[PDB]
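Results of the structural survey
As a plain string of letters, each chain reads:
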Amino acid sequence: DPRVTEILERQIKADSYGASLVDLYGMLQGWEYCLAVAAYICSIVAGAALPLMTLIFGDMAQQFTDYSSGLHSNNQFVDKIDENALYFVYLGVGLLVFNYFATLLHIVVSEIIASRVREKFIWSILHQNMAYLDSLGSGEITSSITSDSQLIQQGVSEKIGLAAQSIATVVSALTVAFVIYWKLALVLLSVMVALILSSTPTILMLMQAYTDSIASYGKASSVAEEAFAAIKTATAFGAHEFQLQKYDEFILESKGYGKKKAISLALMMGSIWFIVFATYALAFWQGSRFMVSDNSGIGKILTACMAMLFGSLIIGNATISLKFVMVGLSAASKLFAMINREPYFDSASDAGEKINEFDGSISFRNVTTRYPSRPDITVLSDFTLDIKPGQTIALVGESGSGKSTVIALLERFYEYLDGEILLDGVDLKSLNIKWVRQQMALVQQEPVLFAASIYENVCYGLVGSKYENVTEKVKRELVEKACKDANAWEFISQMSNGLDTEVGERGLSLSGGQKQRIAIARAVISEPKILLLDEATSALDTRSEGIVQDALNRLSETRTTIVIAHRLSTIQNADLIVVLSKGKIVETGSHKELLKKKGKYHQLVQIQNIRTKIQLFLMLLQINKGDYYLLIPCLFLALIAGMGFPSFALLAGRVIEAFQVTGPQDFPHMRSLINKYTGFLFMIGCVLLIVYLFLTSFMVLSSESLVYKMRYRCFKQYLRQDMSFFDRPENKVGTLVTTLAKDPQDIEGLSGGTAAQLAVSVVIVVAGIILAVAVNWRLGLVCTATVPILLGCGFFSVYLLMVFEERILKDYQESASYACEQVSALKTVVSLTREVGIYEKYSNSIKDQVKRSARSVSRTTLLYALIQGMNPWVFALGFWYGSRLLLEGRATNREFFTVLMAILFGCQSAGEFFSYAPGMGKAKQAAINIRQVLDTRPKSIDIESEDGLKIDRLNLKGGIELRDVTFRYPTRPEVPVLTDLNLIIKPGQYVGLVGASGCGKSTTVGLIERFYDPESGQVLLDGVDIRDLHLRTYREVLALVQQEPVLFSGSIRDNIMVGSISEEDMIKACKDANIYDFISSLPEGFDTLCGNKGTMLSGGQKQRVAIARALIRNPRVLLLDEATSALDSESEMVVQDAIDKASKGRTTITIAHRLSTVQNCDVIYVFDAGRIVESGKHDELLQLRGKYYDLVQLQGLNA
Ligand SMILES: COCC(CCO[C@H]1CC[C@@]2(C)C(=CC[C@H]3[C@@H]4C[C@@H]5O[C@]6(CC[C@@H](C)CO6)[C@@H](C)[C@@H]5[C@@]4(C)CC[C@@H]32)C1)COC
């Protein structure tokens, strides 16, 4: 026991891992560490060289101020301005070169690292034991292959380079500010740190508001999950407003937290735009104060102030880059946990023996095993079977007996705790696992063909064989012989291309028989010694089964086969038959020897014989008409927030003019002017604080209101669709839930802080351009020509970063699809021992992809680096032209610096809107999606249409008539379910419908509830076609009890009152359903929460609750769609008692699986091929000795 539990856990145990940047960068080998080192050096250099514009700008400001005061001649002014302009040009060239190299090398390093990670992950997954792989499923592996490697790239991509660059920019800016002027640098740093630590509660408030909103929608998404999954019940009982209200009570909490988010974001914006203005004001004021004792200068004051603001305002890009780094370190932890986990079986290694001249004899001895998923159920107990070369065993039994476990043990998919399996006398636990899998040939129930030619598909079976490395000409002969031995040449030679025809997602689309015949050829081409047929023909049809069975019989006549069959008629010629029940060999023997024994095999063959006998702005603007009271003041607020910066420009120009001292004699006047202008600078820096607070608050409130409206209307629109909408493949529950989660949240990109920043940006740019033209027309025209350049650079930087982000996922699609295809089926790949070939092909593919992507990245990085280097060139040109104008007398120091601050610096602040450009693509795709969703309507079955006759309850009888009803499910329209059905149910009749699987009796409920409309026919209620009746009232007439009871989350009172057409009736119906006593037994009364398995009541109790729910409305037509199919025999008694009690006094249509429920029905209708075959009472159908007799005999035999 301590050993078997250890084995069953070590089979499935999954260790936890913590990945750091060391693990990611350890995939670089040899000369690829120089690439990473050079990338980081270039990033650091290009980040540290950026705050030198502050040095050159301060020097140029000092030169302009000194010349305007007449401290040097024209020639010296020209010389110094030219030299400083060249310094700008050199800085721009250096920024270009280093940005290019840093970005290119970072991207290349990320490509290399992720290629190594992908190779390692695929090599691990392909060699894990099948117990662990079945634990994860395919979804966990396919997701890890496609969207968890992209995150690992982004972690080590140019994002980490930008994070390092930004940290270097902060360090270099602080270093510049301290060296040039530590007195003012220290003062500014202290004040800014005090104003940043003070705004710490606001950041906590924002993060709490985001967490609360995410949690509240998480709860709301759960209500949507149940509503779409349980959509048949909701439509049948009209619980559309109930589920919509449940959703609304949770998407209103998100709006309340969005309010707090609005205040917090407004506070953060106001604090930032107050810190900047207070830093300018304090820098100028305290630099004028210090200057009367240091003679430092406006140049040094500007250098210090600009350096401090530079480093502080570069922090925001660093945070998103570090978020990107940390997101890719969480995925790295998962992938490295899945890589470093060592498998239970060492199938990768070459250890183990290899039997020479393997005859094929197998000898099981006392074999006992458990699956790791369920360590209490024993799926095989004391299995003993000695198989000789050439024999044909045939394991049979009921489902769950454990016949299929033998094949899993022989292929080393799972581990047998106790026993012994000997291949020609050699233990199975001491053999090379891949060799053992090569000696066998697993023909599975579902054939899996890979997207390749038929020749390649059949050649996949040659792995490890002696024919693996031979001439291609010989291989084609072998494939032809194998396809002829498998009865596959008849449809391959008839093909267009023949053996080279593509299959799978390309080329031709085969049938089940043809795919199974190609799988048989693939299995037989290797000349296996053991054949493992695992219900090969269980998934085929009557016509196609013959050819595949002939092929299998031809194959099994020589090899040591182990056939697992569900059609017992195909194994009559087996050399031995083993009957398994609950994991034990109940009896064994030949076909004749077992029939005479009157045993389990006889019952199985009897059952088999009996069965054989049988522009989008205006859209959202119109939707959010109610929020205008918030967006009308926002225009005025944005206009004021826009006048702000072009008045800081005027005051800054006047301050720079006031710093035109010629000696300590002019210091009192300079101090007076600096105080007078710094007062106004601080007053303006406080007005914009309030303006930004109000504007951002109002805009974020509007955005949250729009998101709430989108969610509410989208959920309301999903509930209006007919049942033909929800059974489409693209309207899955998990897809609709995801769409609700994403699109009403992505549409927020066209409102809120983004729209506020858009308005503020355009106003700021327009006001700055107008100010530059008005102050000096000769200087406001040239500097206007640079506004397109600066704005284009600011936009295209973000655009190219988006391009870099998207290339990561766009490039690795072919190889990811190939890997996901070969990982969708691990059992077939592992059976063929195709790990090595798949890994080689995948490794070659991604190695080629690295080189293919490096070139395109090198092409784009040139434009990115040029855009990065443009800015110092614009500065140089502007300063040179300004100096020339100021020499000619056509400009002034005040006018030049006012124009410069406004134009250049205003375009810098308004480029923050371009950081919201990535959202505007999502916010347009989501707008298109929401427009499509909000406009879709059901063709005829509209629950929210008020047209149609109303059913008068006084004259209602309850007569249902299906007149010549023909119906096909629109998802599968080639398979008719009901054909020319004629069925009349008299009022008060307890009609029961019975039949075999696929007869289509359950479609009667769908037609009566009007889930679907019949293609040709007429369903009538009291002589009125239900297509001409009011849908809500009509469905209020009917009631429905389903096979699997569904109870919505909430109290028992809420669930049972879902089917309330209009407190006494509730108690009366709860007593009539034999559930009132159980409810009274509960600690609370009808307030017990049975949601998400809150109390997990018994199936009988949940069915009785559903019966009471259907019974409150007092229906005229009670539909019981196999109510007692999933109930225990003890609870079935009370449930059937409740059903019989409820069936009195109303029309009752009872679809039945167990024929005992329909025993006392007034009329019984037998279904076959969608048409009524027999009809009448129980005794008459028994006397007719027809299909009903066969069904009751089958029920008796099944027991
Ligand atoms: C945007 O919303 C994203 C959302 C929720 C994230 O919550 C917040 C977590 C803190 C974070 C990263 C956020 C916004 C601005 C960020 C701040 C800007 C400020 O700038 C500085 C420097 C410059 C100074 C002038 C002001 O203060 C920093 C100290 C401040 C800052 C870097 C501190 C961290 C802030 C988002 C998650 O979405 C998946």
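Residues numbered from 1 in each chain as written, not as in the entry; some residues may be left out. Heavy atoms only, no water.

Per the deposited record, determination of this structure is attributed to cryo-EM, with the resolution reported as 3.1 Å.

Here's the deal with the pattern of salt bridges
Enumeration over the complete set of coordinates arrives at 33 salt bridges. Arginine 1010 serves as the salt-bridge partner of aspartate 1013, at 3.4 Å between the closest nitrogen and oxygen. Residue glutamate 1132 pairs with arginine 1154 through a salt bridge whose shortest N-O separation is 2.9 Å. Separated by 22 residues along the polypeptide, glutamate 1132 in helix α44 (residues 1129-1142) and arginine 1154 in the loop between β18 (1147-1151) and β19 (1164-1168) bring together distant segments of the chain. By relative accessible area, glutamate 1132 is classed as buried at 14%. (Salt bridge = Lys/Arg side-chain N within 4 Å of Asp/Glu carboxyl O. Helix = DSSP H or I, 4+ residues; strand = E, 2+ residues; numbered from the N terminus. Buried < 20%, exposed > 50% of the residue type's maximum accessible area, 1.4 Å probe, protein only.)

Topic: helix α23 (residues 542-556)
In an α-helix, one full turn covers 3.6 residues, which means residues spaced three or four apart are oriented alike. The end-to-end C-alpha distance of α23 is 21 Å, a good match for the 21 Å that 15 residues give at a rise of 1.5 Å each. Of all the positions in α23, only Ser544, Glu545, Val548, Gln549, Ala551, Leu552, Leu555 and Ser556 are classed as buried. Projected down its long axis, α23 shows its buried positions confined to an angular sector of 165 degrees, all on one face. On its buried side, α23 packs onto β3 (392-396), α20 (472-485), α22 (512-525), β7 (530-534) and β8 (560-564). (Expected span 1.5 Å × (residues − 1). Arc of directions from axis to C-beta. Contact = heavy atoms within 4.5 Å.)

Focus on the environment of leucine 533
In this fold, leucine 533 is placed in strand β7. The class of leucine 533 is buried, set by a relative accessible area of 5%. Taking the C-alpha atoms as reference points, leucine 533 and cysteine 483, separated by 50 residues in sequence, lie 18 Å from one another. Every residue in contact with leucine 533, bar those within four places of it in the chain, is listed here: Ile407, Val443, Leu552, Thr561, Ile562, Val563 and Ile564.

Details of helix α13 (residues 240-251)
Helix length check: α13 (12 residues) gives 16 Å between terminal C-alpha atoms against 16 Å at 1.5 Å per residue, within 8%. Among all positions of α13, only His240, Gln243, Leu244, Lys246, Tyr247, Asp248 and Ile251 are buried. Where α13 is buried, its residues meet α11 (200-229), α12 (231-237), α14 (253-294), α28 (667-718) and α30 (733-746).

Observations regarding the sheet that holds strand β13 (residues 990-995)
The six strands lie next to each other as β16-β17-β18-β13-β19-β20, forming an open sheet whose pairing is mixed. The sheet is open, and its two borders are formed by β16 (1038-1041) and β20 (1171-1176), each paired with just one other strand. Between one strand axis and the next, the sheet turns through 20 degrees on average, direction left out of account. Where β19 lies against β20, five bridges are found, and the strand directions are antiparallel. When the sheet's bridge partners are listed, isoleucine 1164 is paired in β20 with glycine 1176. (Pairing = 2+ DSSP bridges. Axes fitted to C-alpha atoms, helices over the stretch in contact; angles between N-to-C directions.)

So, the site of the ligand
Lining the immediate environment of the ligand, one finds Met207, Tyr210, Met268, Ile272, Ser312, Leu313 and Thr319. Calculation on the ligand without its partners gives an accessible area of 770 Å², and the protein chains cover 58% of this total. Mapped by element, the contributors of at least two residues to the shell around the ligand are α11, α14 and α15 (298-313). Here the shell around the ligand is composed, by residue class, of five nonpolar, two polar and no charged. (Near = heavy atom within 4 Å. Areas by Shrake-Rupley, 256 points an atom, 1.4 Å probe, with all protein chains shown as cover. Nonpolar A, V, L, I, M, F, W, Y, C, P; charged D, E, K, R; others polar.)

Observations concerning a nonpolar patch on the surface
Nonpolar side chains collect at one region of the surface, where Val37, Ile41, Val45, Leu86, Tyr87, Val89, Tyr90, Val93, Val97, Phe98 and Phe101 lie side by side and expose about 930 Å² of accessible area between them. For the nonpolar patch, the secondary-structure elements that each account for two or more residues are α3 (33-48) and α5 (74-125). Of the residues forming the nonpolar patch, the biggest block, eight residues, is contributed by α5. By secondary structure assignment, the location of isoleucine 41 is in helix α3. (Patch = residues over 30% accessible without salt bridge, like charges linked within 9 Å, V, L, I, M, F, W, Y side chains within 5 Å.)

Here's the deal with the packing of helix α8 (residues 149-156) against helix α32 (residues 777-811)
Two elements in contact, α8 and α32, have axes whose closest approach is 10 Å; the angle formed by their N-to-C orientations is 145 degrees. The handedness of the crossing between α8 and α32 comes out as right-handed. Note on element contacts: α32 touches α8 through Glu805, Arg807, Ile808 and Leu809, opposite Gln150, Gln153 and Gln154. By residue class, the composition of the contact of α8 with α32 is two nonpolar, three polar and two charged. (Left-handed = near helix turned anticlockwise from the far one by under 90°.)

As for the side chain of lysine 1187
Within the secondary structure layout, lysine 1187 lies in helix α46 (residues 1187-1198). Classification of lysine 1187 as buried rests on a relative accessible area of 10%. At 2.6 Å, the side chain of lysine 1187 forms a polar contact with the backbone oxygen of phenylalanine 1167. Setting aside anything within four residues of it in sequence, one finds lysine 1187 in contact with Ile614, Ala996, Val1166, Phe1167, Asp1168 and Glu1174. (Polar contact = N/O pair within 3.5 Å; in protein donor to acceptor, adjacent residues only side chain to side chain.)

Points about the UniProt feature "binding site: Mg(2+)" (unreviewed entry) in the chain
Within the UniProt annotation, "binding site: Mg(2+)" (unreviewed entry) is assigned to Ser404 and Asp534. Judged by maximum C-alpha separation, these annotated positions cover 131 residues in sequence but sit close together in space, the widest gap being only 7.2 Å. Structurally, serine 404 is set in helix α17 (residues 404-410). Within the secondary structure, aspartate 534 sits in strand β7. Overall, the relative accessible area of 18% leaves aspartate 534 in the buried class. Not counting chain neighbours up to four residues away, the residues in contact with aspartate 534 comprise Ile407, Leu442, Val443, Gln444, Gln445 and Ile564. (UniProt positions renumbered as here; feature names shortened; annotations may be inferred.)

Regarding the domain arrangement of the chain
When cut into domains, the chain gives domain 1 (183-295 + 625-750 + 912-945), domain 2 (392-574) and domain 3 (960-1198). The gap between the C-alpha centroids of domain 1 and domain 3 is 52 Å. Counting residues at the interface gives 22 residues for domain 1, matched by 23 residues for domain 3. A buried area of about 2100 Å², summed over both sides, lies between domain 1 and domain 3, and 57% of it is on carbon and sulfur atoms. The tally of links between domain 1 and domain 3 comes to zero salt bridges. The interface formed by domain 1 and domain 3 includes six residue pairs in polar contact. When contributions to the side of domain 1 that touches domain 3 are tallied by element, the ones reaching two or more residues are α12, α13 and α29 (723-726). By residue number, the principal contributor to the side of domain 1 that touches domain 3 is α12, which donates six residues. (Domains from an automatic or database assignment. Buried area = accessible area lost by both parts, 1.4 Å probe.)

A word on the nonpolar core
Core analysis: the largest hydrophobic core is formed by 98 residues, its most contacted members being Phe364, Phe383, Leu395 and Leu423. Here the element with the most residues in this core is α5; it accounts for 12 residues. Discounting residues that sit within four places of it in the chain, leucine 395 has contacts with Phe383, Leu385, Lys403, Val406, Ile562, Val563, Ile564, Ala565, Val578 and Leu580. Grouped together as the second largest cluster of nonpolar side chains are 95 residues, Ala85, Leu302, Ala891 and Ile903 included. (Core = buried A, V, L, I, M, F, W, Y, C linked by side-chain atoms within 4.5 Å.)

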